[PDB]
Amino acid sequence: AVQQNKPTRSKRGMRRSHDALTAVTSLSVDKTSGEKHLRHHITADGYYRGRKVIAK
Amino acid sequence: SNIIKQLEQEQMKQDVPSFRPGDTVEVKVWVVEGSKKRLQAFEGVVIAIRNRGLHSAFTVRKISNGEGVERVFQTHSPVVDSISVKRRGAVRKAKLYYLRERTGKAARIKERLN
Amino acid sequence: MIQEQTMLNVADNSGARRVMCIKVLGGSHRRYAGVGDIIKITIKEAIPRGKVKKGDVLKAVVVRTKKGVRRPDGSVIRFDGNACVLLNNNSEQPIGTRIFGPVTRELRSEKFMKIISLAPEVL
Amino acid sequence: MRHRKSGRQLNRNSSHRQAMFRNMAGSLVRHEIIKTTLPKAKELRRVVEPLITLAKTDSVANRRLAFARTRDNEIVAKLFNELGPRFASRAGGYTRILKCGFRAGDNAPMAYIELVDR
Amino acid sequence: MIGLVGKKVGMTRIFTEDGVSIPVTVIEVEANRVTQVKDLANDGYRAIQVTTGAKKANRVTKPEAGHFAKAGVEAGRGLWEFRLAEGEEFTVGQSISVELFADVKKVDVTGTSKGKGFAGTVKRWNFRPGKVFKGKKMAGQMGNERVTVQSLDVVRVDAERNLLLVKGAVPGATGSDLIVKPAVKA
RNA sequence: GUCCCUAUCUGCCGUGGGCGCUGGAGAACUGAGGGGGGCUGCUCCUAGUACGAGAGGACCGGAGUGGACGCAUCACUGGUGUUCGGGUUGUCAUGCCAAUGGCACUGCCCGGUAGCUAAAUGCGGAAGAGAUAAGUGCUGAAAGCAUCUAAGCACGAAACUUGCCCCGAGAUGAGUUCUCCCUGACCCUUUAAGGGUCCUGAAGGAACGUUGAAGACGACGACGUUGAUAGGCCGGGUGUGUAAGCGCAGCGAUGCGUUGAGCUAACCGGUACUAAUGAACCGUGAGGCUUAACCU
RNA sequence: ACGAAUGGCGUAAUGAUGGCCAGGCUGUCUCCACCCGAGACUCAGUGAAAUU
RNA sequence: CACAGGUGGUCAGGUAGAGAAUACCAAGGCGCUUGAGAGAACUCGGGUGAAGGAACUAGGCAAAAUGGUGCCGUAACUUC
RNA sequence: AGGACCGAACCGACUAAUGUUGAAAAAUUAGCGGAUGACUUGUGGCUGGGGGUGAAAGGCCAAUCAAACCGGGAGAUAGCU
Ligand SMILES: [Mg+2]
Ligand SMILES: [Mg+2]
Ligand SMILES: [Mg+2]
Ligand SMILES: [Mg+2]
Ligand SMILES: [Mg+2]
Ligand SMILES: [Mg+2]
Ligand SMILES: [Mg+2]
Ligand SMILES: [Mg+2]
Ligand SMILES: [Mg+2]
Ligand SMILES: [Mg+2]
Ligand SMILES: [Mg+2]
Ligand SMILES: [Mg+2]
Ligand SMILES: [Mg+2]
Ligand SMILES: [Mg+2]
Ligand SMILES: [Mg+2]
Ligand SMILES: [Mg+2]
Ligand SMILES: [Mg+2]
Ligand SMILES: [Mg+2]
Ligand SMILES: [Mg+2]
Ligand SMILES: [Mg+2]
Ligand SMILES: [Mg+2]
Ligand SMILES: [Mg+2]
Ligand SMILES: [Mg+2]
Ligand SMILES: [Mg+2]
Ligand SMILES: [Mg+2]
Ligand SMILES: [Mg+2]
Ligand SMILES: [Mg+2]
Ligand SMILES: [Mg+2]
Ligand SMILES: [Mg+2]
Ligand SMILES: [Mg+2]
Ligand SMILES: [Mg+2]
Ligand SMILES: [Mg+2]
Ligand SMILES: [Mg+2]
Ligand SMILES: [Mg+2]
Ligand SMILES: [Mg+2]
Ligand SMILES: [Mg+2]
Ligand SMILES: [Mg+2]
Ligand SMILES: [Mg+2]
Ligand SMILES: [Mg+2]
Ligand SMILES: [Mg+2]
Ligand SMILES: [Mg+2]
Ligand SMILES: [Mg+2]
Ligand SMILES: [Mg+2]
Ligand SMILES: [Mg+2]
Ligand SMILES: [Mg+2]
Ligand SMILES: [Mg+2]
Ligand SMILES: [Mg+2]
Ligand SMILES: [Mg+2]
Ligand SMILES: [Mg+2]
Ligand SMILES: [Mg+2]
Ligand SMILES: [Mg+2]
Ligand SMILES: [Mg+2]
């Protein structure tokens, strides 16, 4: 089954009204390195909760 | 949980004899006709044992009048007055369901001689 | 747990050996007949010199089933085969003079005291 | 419905799952830290830690169970000679799962899983 | 009559001395504490609000804590209301326990049934004008909803261990909340 | 015309996001309204009674048990249970023996935990109330009577509204109750429900994490160290059925002992060992006008 | 009523040929239940179509 | 189309097997150019199934079942 | 010996399901038929459109066939849209 009428740009926008991405609420800051990171994720320099968990 | 266990613990029989599949047992069951209550004996081969505490059960198979009859007893039911092991069987399975295809010569069970 | 087309052995000496359930009596759209239930059958196999003859249509009461019967304590009795006892169409009384194999306490009703009396065992 | 059921299917059949976790347990034992997806790490806990517990008691039969599992004498030897005694006092929780972002190729949630005493 | 809030502990059996096995659902009905009494004057209807169980002191939100503190009761794991018949009255803070059922022969038990998720028509409805009428039986969410089962026989009220044994099955999984009311059909 | 349909629209079944509901928030409700449900057989007492020359046989009411259907559940009986145990064929591998693993539809099978589940087992249909239908009536004139009707009054069915169950305040007519939180300063101008800066950021929420008998995803629930939320661990249970190794018997297959052994998923009871991080984020700073009443 | 090389009547054997019956077997069904996979669903990347 | 298609000849290891079937392997070559999760309905391909056993249906369609070797034994009919 | 039997390669295509904006303008999967023959197959050759070829189906003759394809008559004709 297929449309009989071209849906409008209005309806396209209404359907896409729920497509918006949600930005990360806020980043965590490691107490030792001071790097920002996703909460519960290790930092880019391999820190987590003030611990060098992975070397390099 | 603990509550269910204590409730079951206040109902399990304490004098349950130990039997294994392949044993021949005689189960005395309470039978009530009218108002007269009496014991009927069911003797056969234990072919399955379900150990679930209060919900324990065991299946006994006998061939009465050329008909194979399986009766599953609820081990802790008061209707089961007594269980007596008449013969120790020597099998290797927990469930002897293959005995349903066995007749006469094929259904003998080796004695557990110890 | 007998339904239409089920083949049943006969537990009596009325002459029939195998019957097929042709209708489960006792209620509209009733599906299964257990131990103690009445069914119309047709005779499929009978002895040549018997009181009933192949193709006879008459009622019967189911006395043994593989599906089994449950007892109030949860226990269950199971048989190797499905067995019935022939009844007359109108009197609904047994036609044979003996019952072979055990029957159950579930027939202990005023309608079926004959079968309990004639039963070698009433489990 | 999957009420009370456990164990992730991981879009694999049973034999593939078993083989993959055998391999992954071997990698975790020999390297002591591996980078895998978060669900695989979580299921890997349930495969590796029982191996270590088994390795706690050193016997021929235990080594043959740890070999029937993991199918590797390198890994069995390391288990029973290093990880068993290293974790002899620790009651469970031999592994540590560290979430580490997302895989570039497919945006999978990645996680480091490592032995706790590494 | 009012009901009580309990917890579904699980199912078990009771063997009667004449050899009947009664499937029982064990309901742990611990003390229900009246947290609020509602009347016509202030509320337009008569009811009691009860709580039960215990709650994490650090997980009682401050509105909830104030509501329980007015009653002078300890925070429970929820609030439930029971409508009152005119002869019935209770006081805030008063505790109600399971021997309220000591003489009740049948009860109604309502709980949230197990959730079957998105269920098809076969499971959900036992399947085999220019429009569809409302209420058309279709696939959708099954279970996970309030369900009452009526006229369950009370097998045992054990006050000391806070137990109600009702004959038969009651809605919901083990550990779920149950509202047990004396049977309204009777 | 039939059947399909990668289903845009209508319809429908479910389930969310937004904003609203006039300070915000957490709950508990009310109930406008809507939906579901409403079936039936048999047996037994009344009662072999009334009736009928007999034969035959009630109305009414009462009591249990079935069917069909529905709702729930998994204690039982079972099914499933490619995540548990075992047997076994062919082959390959782990150096070899032994022991194991892979592959052959889960290789083929035998059992079976949890969960799910029916065939399993609990429960339901109602009672009651209100107003009625056909119909039965009371009184009563028109029409000196008669008349159930004109005034009035009483009954009257699974029909209607209730009563039972569920949804339900977006019921915009946006309701009620309880509780909780916020009690700074200043500037500007088209001076108003105005804008702005600084300080402040509550209750709570959200997010993240561990997850769930919740679940397509959202959602909903539990928990986040002051912790049993999940995994592991310990003990048990359960299942399977006497592991391996060793010893003995045997020529050997194999048997016996150690040994109801070893192993054992989702189960139970525990246990902080691992992971649930301090924070940060959103949400503000007493809540318009008019009029009535009351405290003063 | 067809009908005798537009062949009539038979015929062992043969047939992925038409019709029927029996045994066995069974989820074809009563009446579905559970499970294992591949999609469906969510996330990331790429990204059509009929129709209008 | 980097397309489940088509395309002649040659070579022919081991174990089991009658076999160039089939299973598992060698030599050798590959994991098929989207992944990651989840574990709804439903679709597709499978496994199992109580009691019944074709009651399904247009129709046993589909499925299930039979299946090997040796020895015995083997009907009507027959053009032998 | 055999247009013998069972059965792979090989040739086919009976059933069902899937697919049916396909993986595919005819397949896949599971079954199925033939499988020393009137078999099958490579290479090359020949037969040409009112013609060929056809164990014959109006089949096939380059995914096209109750008369191929291409160019021309040709802007055929169309009281029809
Ligand atoms: Mg159109
Ligand atoms: Mg979208
Ligand atoms: Mg779990
Ligand atoms: Mg995938
Ligand atoms: Mg395999
Ligand atoms: Mg669920
Ligand atoms: Mg049609
Ligand atoms: Mg569709
Ligand atoms: Mg209705
Ligand atoms: Mg259970
Ligand atoms: Mg079972
Ligand atoms: Mg199995
Ligand atoms: Mg196994
Ligand atoms: Mg060996
Ligand atoms: Mg291999
Ligand atoms: Mg292979
Ligand atoms: Mg009434
Ligand atoms: Mg008058
Ligand atoms: Mg009504
Ligand atoms: Mg834990
Ligand atoms: Mg055990
Ligand atoms: Mg072994
Ligand atoms: Mg001819
Ligand atoms: Mg059907
Ligand atoms: Mg996408
Ligand atoms: Mg386009
Ligand atoms: Mg490719
Ligand atoms: Mg190709
Ligand atoms: Mg070829
Ligand atoms: Mg091959
Ligand atoms: Mg699936
Ligand atoms: Mg399927
Ligand atoms: Mg099958
Ligand atoms: Mg079956
Ligand atoms: Mg069977
Ligand atoms: Mg049969
Ligand atoms: Mg038929
Ligand atoms: Mg037939
Ligand atoms: Mg039919
Ligand atoms: Mg077929
Ligand atoms: Mg098959
Ligand atoms: Mg031939
Ligand atoms: Mg051809
Ligand atoms: Mg299909
Ligand atoms: Mg094929
Ligand atoms: Mg042939
Ligand atoms: Mg052949
Ligand atoms: Mg033609
Ligand atoms: Mg062509
Ligand atoms: Mg022409
Ligand atoms: Mg011209
Ligand atoms: Mg032209």
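Values below: all heavy atoms of this structure, side chains included; hydrogens, waters and symmetry mates excluded. Numbers restart at 1 for each chain; the letters A, B, ... are given by sequence-line order, proteins then strands.
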By the criterion of two distances each under 3.5 Å, are [N] and [M] a Watson-Crick or G-U wobble pair?
| N | M | answer |
| --- | --- | --- |
| I/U15 | I/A30 | yes |
| F/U211 | F/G221 | yes |
| F/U65 | F/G252 | no |
| F/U121 | F/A72 | yes |
| F/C160 | F/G37 | no |
| F/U271 | F/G232 | yes |
| F/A28 | F/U176 | yes |
| F/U77 | F/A118 | yes |
| F/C148 | F/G269 | no |
| F/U274 | F/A230 | yes |

Mind checking if [N] and [M] stack, meaning centres of the six-membered rings less than 5.5 Å apart and planes less than 30° off?
| N | M | answer |
| --- | --- | --- |
| F/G221 | F/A222 | yes |
| F/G269 | F/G270 | yes |
| F/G163 | F/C164 | no |

For the side chain of [X], counting heavy atoms from C-beta on, which of [options] is nearest?
| X | options | value |
| --- | --- | --- |
| D/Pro50 | F/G241, F/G232, G/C35 | F/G232 |
| A/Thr25 | F/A207, H/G39, F/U277 | F/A207 |
| D/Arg64 | G/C31, F/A244, F/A265 | F/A244 |
| D/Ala108 | H/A36, F/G231, G/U30 | H/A36 |

Which is it for [N], anti or syn, if anything within 90° of zero counts as syn?
| N | value |
| --- | --- |
| F/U82 | syn |
| I/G52 | anti |
| F/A272 | syn |

Is F/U162 on the north side or the south side, where north means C1'-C2'-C3'-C4' is positive?
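By the sign criterion, F/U162 is north.
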Apply salt bridge (charged side-chain N to carboxylate O under 4.0 Å, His left out) to residues E/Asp108 and E/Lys181 and explain how you reach the verdict.
CA-CA 5 Å; E/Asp108 304 304; E/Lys181 294 181 176 67; over 6 Å; no
With heavy atoms under 4.0 Å as the rule, sort [X] into base, sugar-phosphate or nothing.
| X | answer |
| --- | --- |
| E/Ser151 | sugar-phosphate |
| D/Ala68 | sugar-phosphate |
| E/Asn126 | sugar-phosphate |
| E/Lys8 | sugar-phosphate |
| D/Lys56 | nothing |
| E/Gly168 | sugar-phosphate |
| B/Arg50 | sugar-phosphate |
| D/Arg96 | sugar-phosphate |

For a quick check, with a 4.0 angstrom heavy-atom cut-off, what is the B/S/- contact string for nucleotides 23-47 of chain F, read 5' to 3'?
---BSBSSS----------------
[atom1] atoms of [N] and [M], separation to the nearest Å:
| N | M | atom1 | result |
| --- | --- | --- | --- |
| F/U161 | F/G124 | P | 25 Å |
| F/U82 | F/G112 | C1' | 14 Å |
| F/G38 | F/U10 | P | 34 Å |
| I/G7 | H/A26 | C1' | 28 Å |
| H/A27 | F/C105 | P | 24 Å |
| F/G85 | F/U242 | P | 15 Å |
| F/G218 | H/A40 | P | 14 Å |
| F/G231 | G/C29 | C1' | 47 Å |

Inspect the contact between [Y] and [X] and indicate whether a charged nitrogen and a carboxylate oxygen are less than 4.0 angstrom apart.
| X | Y | value |
| --- | --- | --- |
| A/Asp30 | A/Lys36 | no |
| B/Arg88 | B/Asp23 | yes |
| E/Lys38 | E/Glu81 | yes |

Does NZ belonging to C/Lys44 count more than 12 external heavy atoms closer than 6.0 Å?
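Open: at most 12 neighbouring heavy atoms sit under 6.0 Å from NZ of C/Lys44.
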Please tell me which of E/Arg13 and E/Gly140 maps to the more 5' nucleotide of RNA chain F, matching each residue to the nucleotide holding its nearest heavy atom.
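It is E/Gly140, whose closest nucleotide lies nearer the 5' terminus.
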Comparing B/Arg52 and E/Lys55 on RNA chain F - which has the more 5′ nearest nucleotide:
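Nearest nucleotide further toward 5': that of B/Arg52.
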Look at the side chain of B/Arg20 against the base of F/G260 and say whether a donor-acceptor pair falls under 3.5 Å; ignore hydrogens and angles.
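Answer is yes: a donor-acceptor pair is held.
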Any N or O donor-acceptor pair linking the side chain of D/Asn11 to the base of H/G37 at under 3.5 Å?
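When only heavy-atom distances are counted, D/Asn11 does reach the base of H/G37 through a donor-acceptor pair under 3.5 Å.
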Could you provide the dot-bracket string of RNA chain G, using ( ) for intrastrand pairs, [ ] for crossing pairs and | for bases paired to another strand, with Watson-Crick or G-U pairs below 3.5 Å?
........................|..|||.||||||||.||||........
What are the two closest heavy atoms between E/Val149 and E/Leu152, and how far apart are they?
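Looking at all heavy atoms of both residues, the closest pair is CG2-CD1, 3.5 Å.
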Hunt down the Watson-Crick or G-U wobble partner of F/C96, both distances under 3.5 Å, from any strand shown, or write none.
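Its partner: none found.
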Is the B/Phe58 ring parallel, tilted or perpendicular to the B/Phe19 ring (thresholds 30°, 60°)?
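Ring orientation, 0 to 90° scale: perpendicular.
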